[PDB]
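Read through the structure below, which is laid out as structure tokens, and then see the notes.
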Amino acid sequence: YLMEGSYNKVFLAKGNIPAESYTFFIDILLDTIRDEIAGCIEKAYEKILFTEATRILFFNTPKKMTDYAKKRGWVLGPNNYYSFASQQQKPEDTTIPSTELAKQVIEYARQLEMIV
Amino acid sequence: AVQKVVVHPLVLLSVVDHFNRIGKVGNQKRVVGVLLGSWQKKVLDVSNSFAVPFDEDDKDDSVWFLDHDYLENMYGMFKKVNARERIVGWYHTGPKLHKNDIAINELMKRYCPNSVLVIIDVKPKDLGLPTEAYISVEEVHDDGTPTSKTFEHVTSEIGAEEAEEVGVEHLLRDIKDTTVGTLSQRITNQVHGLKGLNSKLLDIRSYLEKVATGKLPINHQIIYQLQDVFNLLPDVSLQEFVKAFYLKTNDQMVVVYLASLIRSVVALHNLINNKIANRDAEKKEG
Amino acid sequence: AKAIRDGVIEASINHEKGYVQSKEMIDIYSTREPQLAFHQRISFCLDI
Amino acid sequence: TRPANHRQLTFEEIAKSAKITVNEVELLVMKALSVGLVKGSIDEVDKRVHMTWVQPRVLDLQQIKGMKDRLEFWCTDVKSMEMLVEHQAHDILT
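Protein chains in written order, with the deposited numbering: chain d, 142 to 257; chain Z, 5 to 290; chain V, 439 to 486; chain a, 283 to 376.
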């Protein structure tokens, strides 16, 4: 269930143990998905109020949303999570194929006429 | 008016052998001679030449002499042996543009209208062609002198001839990077080409030496073209120019992928043509 | 959410409304994948 | 003044730097193109003009410092890219 996007079922398995305690393992299991929800806040979402993504983890209203909201963006505003969905800078690169392809063209010319 | 020049290796060596035959003076002597030949279809031609007797003293270097009797008689011999051959101009040995080569051309302009000169090289080293020709233009312009005249270099190259290529290719016998395939352009203009851009890059760097220290005339007619270089500097990588570049490249490796796909099958057919020469020969002969 | 995390699908979700929008991504041609599909097989067909 | 980056000005900027109204700047720039002091194109709907070629002017000993510097690192691009040519194209011809 950790393989796919099954989150809620994993947090249902957090507490539904028939075998033994498993407490130290579901506390690592807690942190390693805390930074995973704290990762998947970073999409091209819209404005989310201070209830929805406030309750996607396991909290009502502590300052843990101040810990995440000052940790990453989606800044604390008037019931607002700010979307800096930019993804703008990296394209329009002619020079990198004009270096790599400039290597690979001559590398095509090496095993083309010269005897090996 | 004049498109370009055509220079033969026979006259090209036929100046340097004169530099050998007056190289016994040791001190200083320039090979100045009369350049003979034609020009047809506004294409300048250079076939034959000789050299005129010339001396020059360092003090008061505004004095030249050409023996015009020697100019008349040997050229009359040359017309008599060859009525097709005629005058085309003159030449000097041209290390570094000696000063009498502003009025040598005015001295013998009465023979050829475009009495063109040719600067040659006696110590051959460059990354290009050490063959030069100017053209005479005079100017009554606003600035400069009222009587002003400055030579302008028409482009220069070595024209060939089907007769002379037998002797040229005979006299090479040294190295010749023929079998022009995927590699000859790579070295004649891609290794050598960017280094051809090196010298033209470095030449405006050589003009650049006058920032506050060099010669006294500043720009006037140098900087409109320099401004036009940075102005006409090509397009940056934002447009579909990028996407059309990817498009046609991505079209080109289709063709390369096709022929590359054919070649291995060709050599596979050549492999089966060898296994038939293996198995049906080893049992027969032994 | 993890389908945007792991790569697969790229575009946005309107979690407030409900709809998941997806852009029309055409002209993968200029994008430098089929040159790699070439280059995997150029050198390999030269190998055979 | 504008670099080779954009050099794309607007009719509001002509109305600012020349204090002349919106309905006359096109009659100005058609005359500039007819004289041929400038060479560029005119958009009307986005109110911008793609100026390409300008009449070349004169300059003092300060602009040759900038043209000097823009020449300077343009040398090492030819050095750097030709360096790959002689290195990778080494064995192709001796």
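Beta carbons: idealized from backbone N, C-alpha and C, even for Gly.
Per DSSP, reduced to three states, the secondary structure at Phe249 (chain Z) is helical.
DSSP places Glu136 (chain Z) within a strand segment (E or B) once states are collapsed to three.
For the segment 449-473 of chain V, the residues whose beta carbon sits under 9 Å from a beta carbon of chain Z are, in order, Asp465, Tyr467, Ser468, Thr469, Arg470, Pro472 and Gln473. Per the coordinates, the alpha-carbon of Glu244 (chain Z) lies some 21 Å from the alpha-carbon of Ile324 (chain a). At a Cβ-Cβ threshold of 8 Å, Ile123 (chain Z) and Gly98 (chain Z) count as neighbours. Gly80 (chain Z) sits away from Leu39 (chain Z), with the two beta carbons spaced by 8 Å or more.
Per DSSP, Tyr74 (chain Z) is one residue of the alpha helix (DSSP H) stretching across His72 to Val85.
For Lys247 (chain Z), at least one C-beta of chain V is nearer than 8 Å to its own C-beta.
Look at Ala55 (chain Z) here: in three-state DSSP terms it is strand. Look at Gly445 (chain V) here: in three-state DSSP terms it is coil, with no helix or strand label.
Under the 10 Å beta carbon count, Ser51 (chain Z) is surrounded by 16 or more other beta carbons and is classified as buried. Cβ-Cβ separation between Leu198 (chain Z) and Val120 (chain Z): approximately 32 Å, too far for a contact (criterion under 8 Å). Distance check between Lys8 (chain Z) and each of Z:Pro221, Z:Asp232 and Z:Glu161 places Z:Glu161 closest, using alpha-carbon atoms only. Contact between the segment 354-365 of chain a and the segment 204-216 of chain Z is present: three or more C-beta pairs spanning the two stretches fall below 8 Å. Within the DSSP secondary-structure output, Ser152 (chain Z) pairs in a beta bridge with Z:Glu143.
As DSSP reads the structure, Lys321 (chain a) sits in a beta bridge with a:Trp335. For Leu40 (chain Z), the uninterrupted beta strand (DSSP E) segment begins and ends at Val36 to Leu40. Using a CB distance cut-off of 8 Å, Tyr228 (chain Z) does not count as an interface residue toward chain V.
A distance below 8 Å separates the beta carbons of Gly214 (chain d) and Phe225 (chain d). Closest in alpha carbon position to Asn287 (chain a), among Z:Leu237, Z:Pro134 and Z:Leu131, is Z:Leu237.
In chain order, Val320 place their CB closer than 6 Å to the CB of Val336 (chain a), counting only its own chain and leaving out the 5 sequence neighbours on each side.
Of all residues in the segment 172-198 of chain Z, only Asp181, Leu187, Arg190, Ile191, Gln194, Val195 and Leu198 place a beta-carbon less than 8 Å from a beta-carbon of chain a. Every candidate beta strand (DSSP E) stretch fails here, since none sits fully inside the segment 145-216 of chain d while reaching 3 residues. DSSP places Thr292 (chain a) inside the beta strand (DSSP E), whose first and last residues are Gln290 to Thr292. The alpha helix (DSSP H) runs of length 4 or more contained entirely in the segment 169-253 of chain Z are, from start to end of the chain, 196-211 and 227-235. Between the alpha carbons of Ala475 (chain V) and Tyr467 (chain V) lies a gap of roughly 11 Å.
The three-state reading of DSSP puts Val246 (chain d) in helix, counting H, G and I together.
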